[PDB]
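Residue numbers (the deposited numbering), protein chains in the order written: chain L, 54 to 212; chain H, 48 to 140; chain I, 2 to 32; chain D, 69 to 211; chain C, 2 to 81; chain A, 16 to 758; chain F, 78 to 231. Using N, Cα and C, we set each Cβ at its ideal position, and we do this for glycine too. Everything below concerns the one structure shown next.
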Amino acid sequence: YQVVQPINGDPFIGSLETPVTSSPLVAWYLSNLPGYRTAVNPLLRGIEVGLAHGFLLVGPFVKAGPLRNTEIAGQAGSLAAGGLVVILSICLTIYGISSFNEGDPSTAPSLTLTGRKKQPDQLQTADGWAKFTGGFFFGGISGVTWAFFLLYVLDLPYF
Amino acid sequence: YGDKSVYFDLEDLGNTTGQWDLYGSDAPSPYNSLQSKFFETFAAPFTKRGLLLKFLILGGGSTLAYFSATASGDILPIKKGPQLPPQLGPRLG
Amino acid sequence: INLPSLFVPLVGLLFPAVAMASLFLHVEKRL
Amino acid sequence: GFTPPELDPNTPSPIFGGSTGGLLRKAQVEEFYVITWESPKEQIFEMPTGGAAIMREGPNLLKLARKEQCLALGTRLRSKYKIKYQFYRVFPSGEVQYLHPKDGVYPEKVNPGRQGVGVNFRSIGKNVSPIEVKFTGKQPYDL
Amino acid sequence: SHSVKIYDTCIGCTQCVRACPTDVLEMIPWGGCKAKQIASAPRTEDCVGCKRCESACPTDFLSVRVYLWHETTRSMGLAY
Amino acid sequence: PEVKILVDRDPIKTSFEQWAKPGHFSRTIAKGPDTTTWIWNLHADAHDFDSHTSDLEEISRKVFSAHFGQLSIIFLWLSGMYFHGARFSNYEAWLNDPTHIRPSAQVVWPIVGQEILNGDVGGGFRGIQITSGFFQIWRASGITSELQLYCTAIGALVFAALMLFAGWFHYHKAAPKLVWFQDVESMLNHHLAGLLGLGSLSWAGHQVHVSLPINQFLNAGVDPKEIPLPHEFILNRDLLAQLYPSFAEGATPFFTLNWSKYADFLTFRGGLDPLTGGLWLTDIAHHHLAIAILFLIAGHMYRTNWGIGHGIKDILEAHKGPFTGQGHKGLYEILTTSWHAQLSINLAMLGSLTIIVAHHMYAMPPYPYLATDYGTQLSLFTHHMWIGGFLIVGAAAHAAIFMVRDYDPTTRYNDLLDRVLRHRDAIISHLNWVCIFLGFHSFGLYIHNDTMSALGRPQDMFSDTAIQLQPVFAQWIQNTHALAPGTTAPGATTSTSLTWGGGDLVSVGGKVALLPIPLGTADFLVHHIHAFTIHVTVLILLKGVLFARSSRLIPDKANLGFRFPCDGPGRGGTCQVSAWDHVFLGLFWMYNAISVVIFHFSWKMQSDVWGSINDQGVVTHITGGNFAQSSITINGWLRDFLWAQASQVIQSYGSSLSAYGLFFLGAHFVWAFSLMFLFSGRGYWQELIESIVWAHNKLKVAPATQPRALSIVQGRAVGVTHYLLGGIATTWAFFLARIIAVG
Amino acid sequence: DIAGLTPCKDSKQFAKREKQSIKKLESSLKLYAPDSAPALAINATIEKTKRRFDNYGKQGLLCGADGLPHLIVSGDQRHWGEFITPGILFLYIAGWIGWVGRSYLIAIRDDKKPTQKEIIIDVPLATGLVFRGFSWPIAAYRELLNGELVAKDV
Ligand code: CLA
Ligand code: CLA
Ligand code: CLA
Ligand code: CLA
Ligand code: CLA
Ligand code: CLA
Ligand SMILES: CC1=C(/C=C/C(C)=C/C=CC(/C)=C/C=C/C=C(C)\C=C\C=C(C)\C=C\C2=C(C)CCCC2(C)C)C(C)(C)CCC1
Ligand code: SF4
Ligand code: SF4
Ligand code: SF4
């Protein structure tokens, strides 16, 4: 019994099969993330990603920021998180504009792990990526607003 | 491809070169229609490349300008200004 | 109204951001 | 004039346990190379990318991502094991291109069916100075 | 693609051909020396610019010269 | 199968024929010199036995004889030490009053005004103060007069002669055969038991009879010349009975298993001796006794001739699991046919061991009057640290040499090595990520503190008074160590070391020997810096070893060899792709890491440990505890450490320490000189040498041996050698001057 | 005097430095026994310092405001002992060395393997050649005049 195997049994592709790389639970978890929901509208996946990330970013800015001790710690940190979300939206938009064209199909792989055809993920198109990045921006702003509202605006004892 | 030990065929180059998606779902939307019907309707105006880029750039610029030009004294010590008398140099001043 | 307060962010944050975005778009795409 | 051998899929590939030095996206979108040999007996050889692999009995086919890798593998097969080899260039369109040995005889041995390319009929010290080829698209050695 | 040139001082020793690590050089029939051989460079598009051929040439100055030129993915030796 | 003695008679006849021919080993070298490059090559491959030939037997015989020669050199060095201590030293004056006199065992003749270096070291003596710590060793051994030192020097000279003769005899008269060298089971059995265990038993026996009674008399206050000679304590046993009553019964407790009766001189106290400031000698004797038992038992593991024992092949091949295939199968054949594999393993282990030796030796000082000899402590720590670092880098060098030369899967195949070579890309990528992450968070915090301090925002700094980064784990571990005696280790009275805690400061002669070392935010930051540097140097060395044979850039890198300049400017440029160049870079990074480690040790010791005790018990530390608050910024390291402590060395002119200032400046010069070689290429130098050679040709004074510029690899080697010499020597001068003037 | 300096013999800072040096040396002497080896060494060093300063004053060196001797190399005949006659001595010795080495190189240049006699010095020939450097000033002069010092055709 050996645990590590070559990719799909093909030993000449630069990768391996390992419990970390390909275990049942890990594979399921990775496939169930918005980035890998190929058959879903890119806008909704972007919404989910943006919500998660915007809510994430508020904490470090608020607690570790230069105005953490000041009474306006929540406001300052939330504004910083929103600004970072805006900059990330700028980065996404320029990446999509530079890396995609309207008249080209999706650059995503068209084959699955068993060798059967499937519609390439539309996220890697021009308008698909535009929808995904718009959804990400909206979700990020919403997540920052929610995290800011959850604290400070409402007490809610934490820590 | 994959007959026994063969790992090459011109008929299917995509499989031969390992052009798979290790984690693509190929599953239907986990969201119910109602939630998507709201998100796709309220987040619609932000899904244009040029429009979104221009709006983001100018809106962020105006927001930064407004927030920096109207900062309160407890925010930035730079603009609150000095609060002590100035010292003299060794001979200048 | 403090003229430096308006311009320092404008030239240190807005201007580099827009310039880098524009130049990345120009340098990084087929014409 | 030496019909180049046609690449034959279904030929077994060498026994290998997998590696992180294999193909990448360049093979998927640009090109990759395939080398074939015979190897009279099953034996273990050093891969050009990772550890050790075993050549199967009879024909063997190996796909590499670089032509230089194919040449190194062919050199080892030719000098260590005394095996005859040929490798191809495969494009994503499905094209195959016989590469080496181009005319059935290795490039080391002179063949009466080769024309000269990039041969200058003068010593290297008789090239014009750059000033004579300035503002013309040519280079002093291209003349 | 780098530019490889063979000059008429070549003595057809074949040492450059043995050295090329991408099969760029060849031996072709010729009549100006005892070996009736001279080097050729018909596949310079696969040249990586290693200049390993020049290190093997016994003539002085060299009979094979490699001039590095425009770089391609083949000339840069990139596997990705 | 059996273990026996195998040799060959008169393999090489001693003669002078090959002396007259420079470079007999290589045929082309034997032919003669064509260019000056030849000369350098002759030295670059002097000890590369495996390249001059391919027979394992000849390589093994040469290695054995060279070992004998080096052992002879070491013995000569030790004999010189003992002779200098005997004649040109103030050892007896120091013995009468240790804390009062500064040890010295070197005088300089008065020739060009250099006699200023013969400084006032005390004890009616003028010489150069020595930081090697030999006086403490001799005191701990029981040496009281110079007759004993003279006898030891003569004996060491005789043993050096014996080692030299043994080397000659074994290479030229009786050379062991290959099967003799390949017998590793008996070798391990003898070294574990015959050498280490038996040697430790012998040293314990000496300590029981000579060290203990002599040091007890010395600590009782008896003048050294009035003490009975070490042999008397053996003739008349009541001499020992007086100091320790349990010697009265004599051996019968040992044979009736009434070993408790030996508790008088075989103790488990721990801590330091309050009088001398070192470990209890009754603890060291027991230490060596227990070590002797353990090694004499461990040296009975491997089977040699009588069936009982372990076959190393069986042990290796019995280990293998689902994640490693058939791992450990074939390693025995690899490690008994390649010398470079063994050399790399042993070099790594010896380097780590030397580093551990430094750590443990300043942790709990083992020699009397060593803790308060601050110069000795600092010098010993720094010396052992550098030696260990160099040995570790050599480990990587020789692992790469083996990989290029002796690794062969067709005949000697190993599974673990194959799997490592197959996922080297993942290994190196993750190591690279770890290096980047550590570099950002360790050094980035320093830059953050510096920027905050410059902007007048000390409240935002990562300090003990602003944002604390307390090493909770280290604090917990040392707290558990402090509580250890009487709780988890009942038989010990004092903790292992006084750095753990528990208070009980120990001082000698008005100077602090040791006291608890506190760990704070600065310690956290410097420890993470250490981790970062070690990881980066490991990255360089491991990448050099793993990618020695091939890579995605040059798929046939092994065919070029272990040492070579490049593979041309193709593929964008293939400069420094060989494993030797990876060792060359690892040298720079090892220098960086060890320099930071020794700087941390020196500053922490001066700030929080070393110092002077007073009547009320108020400790005044050499540096008034500024490490905790000043070491958290780069400006503090530049100001409160380098600038502040360089005053001692730069001022040394006009005194006995002027040599240290001279060496300071000279080391700076040599280091800056190295950059000449590290930054340039040999093409420019060859072109310049062309014009020089023409100028010589114009006067009929051109050399016949054509003067070529140095090879590329030689340029790199010269650059790194000069860089290391200059840096290490300037640090050496700085440390020695600072600690001798302030200590 | 020259360059505004004054003779060391009548200079004052020179004498002050001399006194300070001797005082510094004597400070260490009083610590040891009057007639021990360290005391004898320190006394010898003090005597050496006194002799050095007296000799510097005797030879007529120039001392600046710093109180240290300064060397005049303009060519003034009052100071030829500072740079010019030592310079002539150096030129003689260095030409000796260079001429001897060149003679050796020219002598061994005729063998089939001259490099062998370069990494292994042919001492027998070298001992005969080294003495030509006594008269190299004449040999080189006539070598130049005769026109074979410099390799023609180059
Ligand atoms: C060159 C121009 C420039 C300018 C004008 C600023 C200005 C500022 N910096 Mg920055 N910085 C710069 C360069 C600059 N920085 C560079 C080159 C570096 C790299 C070394 C940094 C590294 C740095 C760090 C690590 C931090 C700052 C912080 C800050 C803020 C501290 C004062 C404060 O508390 O205000 C008010 C505090 C707030 C939290 C309000 C946030 C600012 C506005 C309201 C956000 C709105 C953004 C808006 C949507 C536009 C997006 C950008 C768009 C123009 C593209 C301040 C607004 C600190 C900070 O505040 O964290 C964010 C801080 O942690 N700077
Ligand atoms: C090359 C000359 C020069 C230089 C080195 C600077 C440097 C500086 N200026 Mg200034 N400025 C200049 C010319 C210059 N200025 C001119 C000609 C004017 C109009 C009279 C101004 C008006 C001005 C104002 C109102 C302010 C500054 C301020 C500042 C400081 C902060 C950064 C900033 O606000 O950006 C500069 C802001 C501008 C509005 C500049 C616009 C004017 C020129 C024509 C722009 C040049 C752009 C051009 C494409 C690049 C020039 C070539 C090369 C240098 C790249 C900074 C030290 C701020 C300050 O006071 O510091 C606290 C501030 O508020 N400047
Ligand atoms: C005492 C007389 C003697 C004589 C006449 C010879 C003669 C010979 N030996 Mg030998 N040998 C001797 C003693 C002797 N050996 C001893 C005592 C040892 C034990 C170390 C050896 C071990 C030995 C080995 C392993 C080998 C020889 C070899 C040889 C032959 C090759 C040339 C040679 O010697 O190397 C050159 C002569 C030298 C003097 C080189 C210097 C070596 C010394 C040890 C350096 C000293 C280190 C120094 C302290 C370093 C610090 C530098 C500092 C001073 C700046 C030659 C016929 C070689 C051979 O036979 O090739 C097949 C061979 O491999 N010998
Ligand atoms: C790596 C070194 C380092 C570190 C740790 C810090 C840390 C800090 N700096 Mg700082 N700084 C640094 C270097 C560093 N700096 C350098 C080199 C400079 C230039 C000289 C500055 C200049 C600077 C300024 C001017 C200021 C700071 C400030 C701060 C504080 C707030 C910054 C902030 O909120 O940003 C944003 C933080 C985040 C966006 C968090 C991202 C990182 C997350 C938490 C980790 C993600 C990994 C995650 C665990 C992975 C798990 C994956 C899993 C979930 C799947 C903070 C404690 C501000 C301050 O007020 O100090 C108190 C301030 O104004 N810094
Ligand atoms: C009691 C048995 C014994 C002892 C004590 C030693 C001791 C030693 N061996 Mg050794 N060895 C042994 C058995 C033993 N060996 C056997 C049975 C074999 C065959 C398998 C080997 C094969 C072997 C090799 C191949 C090498 C050693 C080496 C060494 C030295 C290692 C360096 C060191 O630590 O220096 C410690 C220094 C001292 C302890 C100083 C005192 C030295 C005394 C005089 C050694 C005498 C022991 C010797 C075995 C006596 C037999 C010879 C007799 C006819 C006179 C060391 C002195 C290495 C070496 O050459 O040394 C540099 C080495 O290359 N040994
Ligand atoms: C017991 C330890 C040990 C042993 C037995 C060896 C043995 C060997 N090593 Mg090795 N090595 C070691 C440790 C060791 N090494 C360590 C610790 C390092 C890291 C620094 C290295 C790094 C290393 C490299 C990079 C290489 C070797 C090589 C070799 C082989 C040939 C060495 C040679 O003769 O070249 C000639 C030796 C010299 C010219 C001597 C160098 C003189 C040094 C630089 C001067 C030292 C200056 C001094 C300390 C202070 C100044 C004094 C001065 C002012 C007078 C040989 C088998 C070479 C090889 O090819 O392997 C097969 C090679 O490439 N080693
Ligand atoms: C007087 C004086 C001075 C000055 C001077 C001058 C400035 C002049 C000059 C000069 C010059 C202007 C010189 C020149 C030269 C030139 C040439 C051209 C040469 C040559 C030579 C040679 C070439 C040689 C060779 C040799 C020899 C002889 C030696 C050995 C061998 C040999 C071979 C190496 C002063 C004031 C400072 C000071 C005082 C003194
Ligand atoms: S430079 Fe290298 S790859 Fe190019 S022709 Fe010469 S040997 Fe071949
Ligand atoms: S190495 Fe030089 S001389 Fe020999 S065949 Fe090639 S070009 Fe001609
Ligand atoms: S610069 Fe030197 S090391 Fe780099 S490719 Fe050129 S010859 Fe090789």
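- [ ] Using the DSSP secondary-structure output, state which residues sit across from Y166/D in a beta bridge.
- [x] On the fourth sequence, position 98 is the one that residue 166/D refers to. Per DSSP, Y156/D.
TODO: Classify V487/A as helix, strand or coil using the three-state DSSP reduction.
DONE: Stepping through the sixth sequence from its first residue, residue 487/A is reached at position 472. The answer is helix: DSSP assigns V487/A an H, G or I state.
Task: Residue range of the unbroken alpha helix (DSSP H) whose run includes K46/A - done: Along the sixth sequence, one-based indexing puts residue 46/A at 31. 42-46 is the span of the alpha helix (DSSP H), which, as asked, contains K46/A.
Task: Segment limits, beta strand (DSSP E) that includes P30/C - done: For the purposes of this step, residue 30/C is taken as residue 29 along the fifth sequence, with counting starting at 1. Where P30/C is concerned, the enclosing beta strand (DSSP E) stretches over 27-30.
- [ ] Only counting runs of 4 or more residues, tell me where the alpha helix (DSSP H) segments fall wholly within the segment 349-427 of chain A, in order along the chain.
- [x] 354-378, 389-420
Open item on the list: Below 7 Å, is the gap between the Cβ of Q231/A and the nearest heavy atom of ligand 3?
Closed with: In the sixth sequence, residue 231/A corresponds to position 216, counting from 1. Checking the Cβ of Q231/A against ligand 3 gives no.
TODO: Consult DSSP for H737/A and reduce its assignment to one of helix, strand or coil.
DONE: Counting from 1 along the sixth sequence, the entry for residue 737/A is found at position 722. Residue state, collapsed to three classes: helix.
- [ ] Tell me whether residue 766/A is buried or exposed, calling it buried when 16 or more other Cβ atoms sit within 10 Å of its Cβ.
- [x] Chain A is shown only over 16 to 758; residue 766/A falls outside these bounds and no answer can be derived.
Task: Straight-line gap, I370/A to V19/I (C-alpha atoms, nearest Å) - done: Here residue 370/A corresponds to residue number 355 of the sixth sequence, with the count starting at 1. Here residue 19/I corresponds to residue number 18 of the third sequence, with the count starting at 1. Taking the straight line joining both Cα atoms gives about 54 Å.
TODO: Would you check whether ligand 2 has a heavy atom nearer than 7 Å to the C-beta of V19/I?
DONE: For the purposes of this step, residue 19/I is identified with residue 18 of the third sequence, where counting begins at 1. No, since every heavy atom of ligand 2 falls outside the 7 Å radius drawn around the Cβ of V19/I.
TODO: Whole angstroms is fine: what's the gap from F190/L's alpha carbon to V93/L's?
DONE: Residue numbering aside, residue 190/L sits at position 137 when the first sequence is read from its first letter. Residue numbering aside, residue 93/L sits at position 40 when the first sequence is read from its first letter. Cα to Cα, the separation comes out at about 18 Å.
Task: Any heavy atom of ligand 7 nearer than 5 Å to the CB - residues listed - done: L714/A, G152/F, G172/F, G175/F, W176/F, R179/F, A217/F
Open item on the list: Following a CB-centred definition, is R134/D positioned closer than 7 Å to any heavy atom of ligand 8?
Closed with: One-based indexing of the fourth sequence puts residue 134/D at position 66. Checking every heavy atom of ligand 8 against the Cβ of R134/D, none is found closer than 7 Å.
- [ ] Express the C-alpha separation of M418/A and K715/A in angstroms, rounding to a whole number.
- [x] Position 700 of the sixth sequence, counted from the start, is the residue given in the question as residue 715/A. Position 403 of the sixth sequence, counted from the start, is the residue given in the question as residue 418/A. Taking the straight line from one Cα to the other gives about 50 Å.
TODO: For the beta strand (DSSP E) containing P191/A, list its first residue and its last residue.
DONE: Residue numbering aside, residue 191/A sits at position 176 when the sixth sequence is read from its first letter. It spans 189-191 - the beta strand (DSSP E) in which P191/A sits, taken as one unbroken run.
- [ ] Can you pull the chain C residues whose beta carbon is under 7 Å from the beta carbon of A133/D, in chain order?
- [x] Against the fourth sequence, residue 133/D aligns to sequence position 65. By Cβ distance, chain C contributes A80.
- [ ] Look up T83/F in the DSSP assignment and give the residues it is bridged to.
- [x] Numbered from its first residue, the seventh sequence carries residue 83/F at position 6. BP columns for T83/F point to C140/F.
TODO: Give the C-beta separation of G172/F and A217/F to the nearest angstrom, bearing in mind that I take them to be a contact with Cβ-Cβ under 8 Å.
DONE: Within the seventh sequence, residue 172/F is the residue found at index 95, counting from 1. Within the seventh sequence, residue 217/F is the residue found at index 140, counting from 1. Right, the Cβ-Cβ distance comes to about 7 Å (below 8 Å), so this counts as a contact.
Open item on the list: Please list, in chain order, the chain A residues whose beta carbon lies closer than 8 Å to that of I196/F.
Closed with: The sequence position of residue 196/F within the seventh sequence is 119, counting from 1. The contacting residues are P37, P48, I54, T720.
Task: Pairwise C-alpha distance: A378/A and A489/A - done: Taking the sixth sequence and counting its residues from 1, one reaches residue 489/A at position 474. Taking the sixth sequence and counting its residues from 1, one reaches residue 378/A at position 363. Straight-line Cα distance between these residues: approximately 15 Å.
Task: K131/D burial status per 10 Å Cβ neighbour count (16 or more: buried) - done: Taking the fourth sequence and counting its residues from 1, one reaches residue 131/D at position 63. With 16 or more other Cβ atoms within 10 Å, it is buried.
TODO: Could you list the residues in the segment 384-414 of chain A with a C-beta less than 8 Å from some C-beta on chain D, going in chain order?
DONE: Residues are counted here when their Cβ sits less than 8 Å from a Cβ of chain D; for the segment 384-414 of chain A the count is zero.
Open item on the list: Taking the alpha carbon of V173/D as the reference point, which residue from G85/D, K152/D, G90/D has its own alpha carbon closest?
Closed with: Here residue 173/D corresponds to residue number 105 of the fourth sequence, with the count starting at 1. Comparing Cα positions, the closest option is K152/D.
Task: By C-beta, the residues closer than 6 Å to any heavy atom of ligand 2, given in chain order - done: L4/I, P5/I, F8/I, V9/I, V12/I
Open item on the list: Using CA atoms only, rank isn't needed, just tell me which of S457/A, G342/A, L244/A, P580/A is closest to residue 811/A.
Closed with: Since the first residue of chain A shown is 16 and the last is 758, residue 811/A is not available in this structure.
Task: residue 7/A, enclosing beta strand (DSSP E) - first and last residue - done: Only positions 16 to 758 of chain A appear in the structure, and residue 7/A is not among them; the question remains open.
Open item on the list: Following a CB-centred definition, is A20/C positioned closer than 7 Å to any heavy atom of ligand 8?
Closed with: Indexing the fifth sequence from 1 puts residue 20/C at position 19. Yes.
Task: From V408/A, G38/A, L395/A, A643/A, residue whose alpha carbon lies closest to that of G366/A - done: Residue 366/A sits at position 351 when you count from the first residue of the sixth sequence. Answer by Cα proximity: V408/A.
Task: Chain-ordered residues of the segment 201-220 of chain F with a beta carbon less than 7 Å from chain A - done: none
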